[PDB]
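There are 2 protein chains.
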Amino acid sequence: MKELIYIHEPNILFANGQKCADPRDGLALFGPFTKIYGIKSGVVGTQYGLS
Amino acid sequence: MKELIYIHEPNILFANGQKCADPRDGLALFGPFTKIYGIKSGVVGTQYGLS
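Line by line, the protein sequences give chains F and B.
Residue numbering for the first sequence follows the deposited numbering, beginning at 1 and increasing consecutively.
Residue numbering for the second sequence follows the deposited numbering, beginning at 1 and increasing consecutively.
And the structure:
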């Protein structure tokens, strides 16, 4: 019998110094670490692509 | 006797296409023609300059 050690999952920071193990959860519950004002999109494609 | 014709002040568009003759008044009253989400500053100076 060979014994396997377990490595604890490291934590990734989010807003307010809060920690969660899943980015999809820490983002949904707490939000990004630093916020931007907004995103100004730019599209380079056909008329179908822009729609 | 020399006659001077008069040219009237033109109007500059502001937010929502509203017109005024002074930017210092048109902006303070109506707002810019196009609004941006925000301005991320960037400073290249001393600690004194940053302060």
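Positions of the beta carbon are idealized from the N, C-alpha and C atoms, including for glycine.
- For the C-beta of B/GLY38, the chain F residues within less than 9 Å are, from N- to C-terminus, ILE36, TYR37 and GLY38.
- Using a 10 angstroms sphere on the CB of F/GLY38, the tally of other CB atoms stays under 16, which defines it as exposed.
- An exposed status is given to B/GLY49, since fewer than 16 other beta-carbon atoms sit within 10 Å of its beta-carbon.
- Separation of F/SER51 and F/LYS40 (C-alpha to C-alpha, rounded to the nearest whole angstrom) is 16 Å.
- DSSP, reduced to helix, strand and coil, places F/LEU50 within a helical segment of the structure shown.
- Taking C-beta atoms as the reference points, F/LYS19 and F/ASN11 count as a pair closer than 7 Å.
- Counting only residues of its own chain and dropping the five nearest sequence neighbours on each side, B/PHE30 has a CB closer than 6 Å to the CB of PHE14, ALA15 and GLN18.
- Straight-line measurement puts the Cα of B/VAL44 at about 32 Å from the Cα of F/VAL43.
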